[PDB]
Amino acid sequence: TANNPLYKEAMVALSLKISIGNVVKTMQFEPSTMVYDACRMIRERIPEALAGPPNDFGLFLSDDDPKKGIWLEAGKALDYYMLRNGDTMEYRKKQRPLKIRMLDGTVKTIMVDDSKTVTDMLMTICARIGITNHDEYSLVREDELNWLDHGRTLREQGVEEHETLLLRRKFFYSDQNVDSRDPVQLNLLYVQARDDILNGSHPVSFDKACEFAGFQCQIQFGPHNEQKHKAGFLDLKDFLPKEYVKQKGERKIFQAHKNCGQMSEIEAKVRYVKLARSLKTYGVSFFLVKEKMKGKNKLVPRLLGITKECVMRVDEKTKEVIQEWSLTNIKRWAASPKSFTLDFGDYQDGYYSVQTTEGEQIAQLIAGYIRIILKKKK
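With the numbering used here, the residue at position 150 of the sequence shown is 151, and numbering never jumps.
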């Protein structure tokens, strides 16, 4: 037997494996060490940590489930993260490429900070794209809109780095008037109004849907030409909401297309946007819910509409308003995986409670509008 002269009793330091690419090196840190100091310590000791500026890197604790990996906050101490001796910490690049389908419909790759929430990332995306009103925009994955949670990272929501995401307007709070003076901005307004009508986010009548498609034909084909714009020419799936495809609508569309005459592309776009904005459905987010009506024991489907100013009860078929409450009449709301409920305080006897799979989405849209209203009163 032999005693070790290097035996050192009562060591408290945390001993961690720092991983930088394929390099691994063990380092010792006081548990009170702040994350920003641990980073600085790693830059001073491991030359491979100087591959870029410090704002581009961070400390990352990986997990066998990628969505459970964690970026360490610079303002916290190491022992906050419950590290034990032998744990691995990555000094890891925060920027990853993100494929974004822009508003114009095109695809582009943008560098985003993997440690930030969708809300903070959206600031960066809008800034590069030149977008004014970034509180009004969100992201969806590739129908019913699968909105991402603004308060969470992409990683923690399961978004893989290869997935292409869509930038789309979510809150309809402010609208600048439509002029032909900026054709690039006019196009953005036209593509947005058009996709919402074709997607079904913006529900319209059959008659309006064919008027819109007429303008759409003027825009994509130019003036109507009886020789070429014959019967069977149109792929109706591309010009009408899904619910109206299975009707014999082509002749109504060609009629409205004819009625444009020699109308220019720019003028067709201005009229498409203005007709969209002129509809009572414009700017309303609709959700399918099920109501308990007194007596009738089966639940009747209904549309719940949200705007910047109110919540509304709307008939599923006719799209008429049965009942409206202003956001200032709402005391509380509550979402569940099965339900959504509104407390109106003094303005109503009884709560309004509906079955729905989208309670969390409803609550997030209401809370978002309220955030914008409060911000624009600072």
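From the three backbone atoms N, C-alpha and C, an ideal C-beta is built for every residue, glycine too.
Handout entry: Contacts around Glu-361, its chain only, beta-carbon distance under 6 Å, and the 5 residues preceding and following it disregarded
Key = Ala-336, listed in sequence order.
Practice task
Could you have a look at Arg-129 and say whether DSSP puts it in helix, strand or coil?
Solution key: Of the three classes helix, strand and coil, the one that applies to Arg-129 here is helix, per DSSP.
Practice task
Could you spell out the range, first to last residue, of the alpha helix (DSSP H) harbouring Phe-216?
Solution key: Start and end: 207 to 222.
Practice task
Taking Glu-145 as the reference, give the member of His-203, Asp-64, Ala-14 and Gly-296 with the closest Cα.
Solution key: Out of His-203, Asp-64, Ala-14 and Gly-296, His-203 has the C-alpha closest to the C-alpha of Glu-145.
Exercise for the section: Below 6 Å CB to CB, which residues in the same chain sit around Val-246 once its five sequence neighbours on both sides are set aside? Expected result: The residues are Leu-237 and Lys-238.
Problem - Local conformation of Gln-186 per DSSP, three classes - result: It is helical.
Exercise for the section: Take the Cβ of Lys-270 as the centre, count every other Cβ of all protein chains shown within 10 Å, and call the residue buried at 16 or more, exposed below. Expected result: Buried, because 16 or more other Cβ atoms sit within 10 Å of the Cβ of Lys-270.
Handout entry: the segment 114 to 133 contacting the segment 153 to 164, beta-carbon criterion three pairs below 8 Å
Key = Taking a contact to require three or more Cβ pairs closer than 8 Å, the segment 114 to 133 and the segment 153 to 164 qualify as touching.
Practice task
Inspect the beta-carbon positions of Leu-99 and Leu-15 and report whether they are closer than 8 Å.
Solution key: It is not a contact, given that the beta carbons lie outside the stated cut-off.
Problem - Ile-111 in three-state terms, based on DSSP - result: The answer is strand: DSSP assigns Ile-111 an E or B state.
Practice task
Go to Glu-325, then tell me how far its alpha helix (DSSP H) extends in each direction, as first and last residue.
Solution key: Per DSSP, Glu-325 belongs to no alpha helix (DSSP H); it is in the beta strand (DSSP E), 322 to 327.
Problem - Any beta strand (DSSP E) of 3 or more consecutive residues that is wholly inside the segment 16 to 90 - result: The segment 16 to 90 contains these whole beta strand (DSSP E) runs: 24 to 30 and 58 to 62.
Handout entry: Same chain, Cβ closer than 8 Å to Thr-110, neighbours up to 5 away in sequence not counted
Key = Within the same chain, and ignoring the five residues on either side of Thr-110 in sequence, the residues whose Cβ sits closer than 8 Å to its Cβ are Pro-98, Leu-99, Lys-100 and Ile-101.
Exercise for the section: Note down the Cα distance separating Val-355 from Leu-304, rounded to an integer number of angstroms. Expected result: In a straight line, the C-alpha of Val-355 is about 11 Å away from that of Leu-304.
Practice task
Run through the segment 143 to 172 for me and flag every whole beta strand (DSSP E) of 3 or more residues, listed as ranges in chain order.
Solution key: Listed in chain order, the complete beta strand (DSSP E) runs (minimum 3 residues) inside the segment 143 to 172 are 166 to 170.
Handout entry: Residue range of the unbroken alpha helix (DSSP H) whose run includes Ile-254
Key = Counting along the chain, the unbroken alpha helix (DSSP H) around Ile-254 starts and ends at 251 to 259.
Practice task
Return yes when at least one heavy atom of the ligand ADP lies under 7 Å from the C-beta of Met-12, else no.
Solution key: The ligand content of the structure shown is nil, which means the ligand ADP is not present either.
Handout entry: Whole-angstrom distance between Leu-51 and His-151, CA atom to CA atom
Key = Within the model, the alpha-carbon separation for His-151 versus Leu-51 is close to 32 Å.
Practice task
May I ask you to report which of helix, strand or coil DSSP gives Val-301?
Solution key: Taken through DSSP and simplified to helix, strand or coil, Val-301 comes out as strand.
Exercise for the section: State the Cα-Cα distance for the pair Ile-374 and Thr-329, rounded to the nearest angstrom. Expected result: Put simply, the backbone Cα of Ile-374 is about 11 Å away from that of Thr-329.
Handout entry: Coarse secondary structure for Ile-363, derived from DSSP in three states
Key = Three-state DSSP puts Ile-363 in a helix.
Exercise for the section: For the beta strand (DSSP E) containing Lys-243, list its first residue and its last residue. Expected result: In the DSSP assignment, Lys-243 falls outside any beta strand (DSSP E) and lies within the alpha helix (DSSP H) extending over 243 to 246.
Handout entry: Residue nearest to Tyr-92 in terms of C-alpha spacing, selected from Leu-104, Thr-133 and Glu-45
Key = If we check each option's Cα against that of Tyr-92, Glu-45 comes out closest.
Exercise for the section: Tell me whether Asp-197 sits in a helix, a strand or coil according to DSSP, three-state version. Expected result: Correct three-state label for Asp-197: helix.
Exercise for the section: With DSSP as the reference, please indicate the residues paired to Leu-289 in a beta bridge. Expected result: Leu-289 is bridged to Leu-304.
Problem - Residue environment, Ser-181, which counts as buried when at least 16 other CB atoms sit within 10 Å - result: Sixteen is the threshold: since fewer than 16 other Cβ atoms of the shown chains lie within 10 Å of the Cβ of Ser-181, the residue is exposed.
Handout entry: Boundaries (first-last residue) of the beta strand (DSSP E) holding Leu-99
Key = Per DSSP, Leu-99 belongs to the beta strand (DSSP E) from 96 to 102.
Exercise for the section: Mind checking who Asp-344 pairs with in its DSSP beta bridge? Expected result: According to the DSSP secondary-structure assignment, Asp-344 is paired through a beta bridge with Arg-333.
Handout entry: Backbone CA spacing between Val-285 and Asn-226 [nearest angstrom]
Key = So the two alpha carbons sit approximately 36 Å from each other.
Exercise for the section: Leaving out five residues on either side along the sequence, give the residues of the same chain with a beta carbon under 6 Å from the beta carbon of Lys-69. Expected result: Excluding positions up to five away in sequence, the list is empty.
Exercise for the section: Could you spell out where the beta strand (DSSP E) holding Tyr-353 opens and where it closes? Expected result: Taken as a continuous stretch (DSSP letters only), the beta strand (DSSP E) holding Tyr-353 covers 353 to 356.
Practice task
Starting from the C-beta of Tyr-348, find all residues in its chain whose C-beta is less than 8 Å away, skip the five residues before and the five after it, and write them out in chain order.
Solution key: Hits under 8 Å: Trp-326 and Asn-330.
Problem - Alpha-carbon spacing of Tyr-81 relative to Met-112, whole angstroms - result: Looking at the two C-alpha atoms, the distance is approximately 29 Å.
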